[PDB]
Structure formats: structure tokens, C-alpha cells
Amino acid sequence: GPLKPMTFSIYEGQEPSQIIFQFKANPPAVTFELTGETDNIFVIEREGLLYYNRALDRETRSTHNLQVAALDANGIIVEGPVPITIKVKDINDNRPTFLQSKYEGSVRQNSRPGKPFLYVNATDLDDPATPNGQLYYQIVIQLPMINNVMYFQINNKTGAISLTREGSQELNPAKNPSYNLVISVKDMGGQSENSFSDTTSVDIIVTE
């Protein structure tokens, strides 16, 4: 039918195994012209076969804005150009990376439970609107630890470290002036399958 705007969604990181679309020339159109963000990847054959020639990369270009025009036997545009939008669908091909391998923090004796005093942070180049770039932070270990009582907690979404109820009650620089936490981060929103992880080390001084 008439040439019109179209959107195609194509996963990145996959070498092409299927065409995108076969356009059919409406006489007096005989050939097609593809322009825009083709990047030596998107091709239209003379008689309308639109395809891609190699794996896409959302982290290089997340949308290819293309245009297609239909031309007559004299090379005159008779339909379009119209916008053809390629949405590059994300895969989990980037690992989360803590921005420091060691954090130095401090907390006041009697800091209110749940009040952040330190943020750890990781970046993930995947799409944060998808599981692939959605990070989940956790405390792997606290040292020292007495009778399995955690004195620290982390906001699993934000990386905010705060005292627990019991940490607020028990932390005392006279008894134990420093704690080490090992923190993990994983992508896939903390789900198991196809996830990547990183760790960092946090030393926390307890002050008056």
C-alpha cells in the first residue's frame, strides 16, 4: 500500500538472520532510496528489500532514524520520503562497575536508623529502564559482627548505607571504632538468570 511511517524493533548483539521489510513499488515508482542514520548497517535493495548487514549496538546508537523514498524510472521521488524508525532493543551485554574499589566513610554514634551517611554507586551501560541496567545492591559481609547482629543496611535500589536499629543502639567508638562492609551489585534487578555482578569494600569509622 502507500509508503508511510513505520517503526521496527530489533535486538542488538545479534548478527542478522531475517530481513526487516520488503517494500513493494506502487507504479509509477520502480525503485527505493534509503537515507539517514544508516551507519553502513541498514541497506535497501533497488526493489525495496530493507535489511541490516551486522549486529546492532544499543550502546552506540539506541534509535536509527532512517527515511525511505520511492522513485520513478527517471529517478524522481513519487512517494515519501517517510521516516522509518529502528528501535534497538537492549540485551544485557554490559557488567555493572562500582565507581570506587574502596570507600572511606564515617558515622556518628546514635545516627538514626535508616538515615543514609554514605552512597556506594555502580554504573551499567545497559538500559536502566530494562532489567539489563537495573542494579541491586547488597551487603555480602560486615566485619566485625557480634552474635549475627547487622549494624548496617543498604537501600538495594539506591546504594544508600545507613545504620540498622541495632547499629544505632550499639555502635560506640570506645568498643569498636571501625567496620568493614563488602558490598555486591548485580544487574537484572537482582534476578538470577543472565546477571553480572561487582563488589567493593567500605571502611566506616564510628565517631562521637
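Position 1 is the first residue in the sequence shown; the rest follow in order.
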property: Segment of higher mean CA temperature factor, 148-156 or 176-184; result: 176-184
property: Per the entry, higher mean C-alpha B factor between 135-143 and 166-174; result: 166-174
property: Where the record places residue 104 (Cα B-factor, split into thirds across the chain); result: middle
property: Chain third (lowest, middle, highest) by recorded CA B-factor, residue given as residue 197; result: middle
property: Lowest, middle or highest third - CA B-factor, residue 111; result: highest
property: Entry-reported Cα temperature factor of residue 13, expressed as the chain third it lands in; result: middle
property: Residue 97 CA temperature factor, ranked by third within the chain; result: middle
